[PDB]
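Quick notes on the structure that follows.
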Amino acid sequence: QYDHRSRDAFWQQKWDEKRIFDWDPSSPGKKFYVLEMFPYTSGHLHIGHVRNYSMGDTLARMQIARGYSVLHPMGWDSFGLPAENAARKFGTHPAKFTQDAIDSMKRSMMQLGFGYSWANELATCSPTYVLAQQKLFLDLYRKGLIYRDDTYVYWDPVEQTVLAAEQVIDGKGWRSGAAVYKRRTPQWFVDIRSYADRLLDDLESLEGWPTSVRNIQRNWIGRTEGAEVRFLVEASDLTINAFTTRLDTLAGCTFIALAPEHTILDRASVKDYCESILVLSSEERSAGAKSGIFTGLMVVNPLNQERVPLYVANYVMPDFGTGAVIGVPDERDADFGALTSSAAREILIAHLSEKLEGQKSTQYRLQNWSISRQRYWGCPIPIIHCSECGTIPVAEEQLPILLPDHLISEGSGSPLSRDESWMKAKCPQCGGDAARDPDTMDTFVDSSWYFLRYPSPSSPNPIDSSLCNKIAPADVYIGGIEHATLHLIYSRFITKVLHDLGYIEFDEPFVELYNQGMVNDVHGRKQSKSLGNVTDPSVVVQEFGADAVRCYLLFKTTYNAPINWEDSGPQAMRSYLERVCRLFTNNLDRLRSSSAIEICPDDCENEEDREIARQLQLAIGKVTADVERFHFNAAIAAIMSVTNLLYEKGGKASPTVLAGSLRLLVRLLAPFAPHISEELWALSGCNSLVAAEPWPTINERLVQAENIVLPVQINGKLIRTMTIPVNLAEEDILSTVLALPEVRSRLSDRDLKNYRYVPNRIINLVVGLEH
RNA sequence: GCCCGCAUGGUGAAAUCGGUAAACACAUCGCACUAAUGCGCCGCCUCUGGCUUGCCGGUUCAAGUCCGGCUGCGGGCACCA
Ligand SMILES: CC(C)C[C@H](N)C(=O)NS(=O)(=O)OC[C@H]1O[C@@H](n2cnc3c(N)ncnc32)[C@H](O)[C@@H]1O
Ligand SMILES: [Mn+2]
Ligand SMILES: [Zn+2]
């Protein structure tokens, strides 16, 4: 009988008009910043988002009721591959597709009653965001954090773009699922390697992150310890430093072998063999038979001072150490050759390092971050290339460099490179005719710092230091573990960079990270367009209302565990919510007779009122603590316990205790089921919005009732329980316990040695052996 | 190979600190008012008693919880030198 199809909207408008969710930095309440991973604008809102975002809203609504000044914002991850591929697949320009998805997602969110501070909305594709990011790019470029280099990068032949190492998963492209290849090409990078030590060591301080996410990052960065041994070439200047962990076996080396892509290859079957390995996909390059080619030349071991053969082999992987190995048949080198140690490593490197012929080596798996993409739909790189002057920043006056409106979908090079009038630019140094950078920034550049932009999303400065340093770091960040070595690496990296450059005074973006579980279909399969099992949230919200949808997702299981979604699944929550409504409509006489919004000690005329009052106080405490640690399902169980309590014992309760309990019940329920809660609050005669009511606090007079159920152990084993008055003297407790028949029986041939009494919790009697 | 996480009834699961294991729901069954609603049973056994949080131990007055070792599942990095 709650008409959600008109009433949800009615309450949403009430909350809007009171500005409940508008973040005000000049508010005096203690600051709280809760956010969730902002969505790609690749389609409509899906049920998984609803789960992810419901959790943030529930928390935010509670923290608002508790007096915090809460920033809970939302915006749109709208550039790069995801939006762009979805727009291509549909047949529309990505600007038009993106805007439609924004508009659809924002509408779905508002209809769910999600309480975002919309004044803080942003979209990474808007000119205002582009201006900010281009400024940030040019700052990082001036300080040497961003640089151009002509080196090996991953290439996705189906996306037709370069990809970052983090966007290569199981040798495949992040979005295409196509085998990735490696090309040498001039590209833009960020020097994340130079921060790799801080990224790795500062994991120890992130106690609010899951140890799983932390360990996944530890392995991604992949710091290794070993030794570099320099190997001189005969009729030549420069050496080739090999890398090993088994330095101990240095004199044991029968050979040296190189990576096909190594700088120093400075002829028939060499350049033929190499280009044959270098043509292989990243997948193929790791598997199959081992191969190689004798260089011809030879090279020296400066311990032994004695000559060694040089080779070029496929089993040397280019992304580990120096790309030179140092072989001994280590059964990698044994298959190749057919075609008592620790303090030894100490003294060896002493000899080598003191006579400049080797050293201690720290290596990282982490590759520097490729950000340039040969794609239309991303942030232009604000660089002009001049045949005279080289790479030149666009002047701040010219910012932002916006995309041309028309996209050219066929031709050579990158899509922007085909647009001759867009590409034409004056060199800002000499004034000659020059060319814009033809590439765009990867989507993970946008999302690496967006959380620092929400506090003033239309400012001509990228980041408002003074606002940010008050509202951030974010207290709570909610999103999927799939970002563990994408956005959660990059965001930590860019936070440190911006810290060091003065934008902010904190070094880590997110205090507490929570990873919501997957929402799957009823059979446990990932939802996807290709399986035709994508839930439409609007259909479910239309049938059941927003509250029932959100409470099913929150009550179904632990926050971090998978849900197998059923479209009829919210029916049981809807039924629970109607049972709450009926408890109000049954007691409406009593409600309209008392203004009580909670229970006072003077309202309790007996032991039954005090049992009720007590249960409510526990429920306040438990709901409060559980929301803040994301135990939403246990919080909702506590409210259902109260609800059962009131069905069972209400009506024997004094009217005032019952009106207070019911009003208290709806106050606790509000963060979970906000619309129905406003309805019931109003129906009970309140004029205010419950969403604006201070959150309940434990009345410490009502927390213990008159009697306590105390379990009794003997030697740690539960025997029975005993009900006693609260504040019984410890000697009277013991004397009462020793009098229980079960206890008198079990001690009739045994001596009492000790007891452990934990007040109002337990008594364990420590007893000797059978006489 | 190297690193990490997890394990509780038919089912989803609960349990700040070590303190009555299974709260709260879903399913089936039963009861009361002719579907709705209210309400009840609902881990096991050789059942007056006694067990039970995958397995074996340790710590402690006390272990689902802490420590050690297994087994099983999940995840991460790797022709990783
Ligand atoms: C910060 C930025 C790099 C994020 C990036 N723009 C992005 O990932 N956008 S997004 O739309 O794919 O995801 C948004 C949020 O929604 C979660 N989610 C998605 N599907 C499900 C699901 N089936 N079940 C549970 N959660 C889901 C997902 O994990 C994430 O936190
Ligand atoms: Mn293995
Ligand atoms: Zn010039």
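Quick note: numbers below take in every heavy atom, side chains included, and nothing from hydrogens, waters or symmetry partners. Below, chains carry the letters A, B, ... as their sequence lines are ordered, and counting in each starts from 1.
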Under 4.0 Å, heavy atoms only, any strand: does [X] hit a base, just the sugar-phosphate, or nothing?
X	result
A:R246	sugar-phosphate
A:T224	nothing
A:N633	sugar-phosphate
A:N644	sugar-phosphate
A:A287	base
A:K556	sugar-phosphate
A:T244	sugar-phosphate
A:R214	nothing
A:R223	nothing
A:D330	sugar-phosphate
A:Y647	sugar-phosphate
A:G226	nothing
A:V316	base
A:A313	nothing

For [N] versus [M], give the span between their [atom1] atoms, rounded off to a whole number of Å.
N	M	atom1	result
B:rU60	B:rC45	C1'	29 Å
B:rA15	B:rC56	P	27 Å
B:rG64	B:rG54	P	10 Å
B:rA22	B:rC29	P	26 Å
B:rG19	B:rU65	P	10 Å
B:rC6	B:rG68	P	13 Å
B:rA13	B:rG57	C1'	29 Å
B:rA62	B:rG43	P	29 Å

Are [N] and [M] base-paired in the Watson-Crick or G-U wobble sense, both distances less than 3.5 Å?
N	M	answer
B:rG38	B:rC31	yes
B:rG19	B:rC61	yes
B:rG10	B:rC26	yes

Would you say the side chain of A:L765 lies within less than 4.5 Å of the side chain of A:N715, judging by non-hydrogen atoms? no
Within less than 4.0 Å of OP1 or OP2 of [N], is there a side-chain N or O belonging to [X]?
X	N	answer
A:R285	B:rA78	no
A:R720	B:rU20	no
A:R218	B:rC77	no
A:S212	B:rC4	no
A:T558	B:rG12	no
A:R365	B:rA78	yes
A:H631	B:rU16	no
A:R579	B:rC39	yes

CG of A:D330 to OG1 of A:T245, rounded to nearest 0.5 Å, is 7.5 Å
Does A:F320 stack onto the base of B:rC80, taking stacking as ring centres under 5.5 Å apart and planes under 30° apart? yes
Name the one of A:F672, A:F544, A:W565 that satisfies ring-ring contact (aromatic ring centres under 6.0 Å, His included) with A:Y552? A:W565
So that I can tick it off, tell me whether A:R746 and A:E742 are bridged by a salt bridge, with the cut-off set at under 4.0 angstrom between side-chain N and carboxylate O. no
Where the side chain of A:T211 is defined as all heavy atoms beyond and including C-beta, which of B:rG12, B:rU20, B:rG5 is the nearest nucleotide? B:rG5
Can you tell which of B:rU20, B:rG50, B:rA81 lies closest to the side chain of A:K717? B:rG50
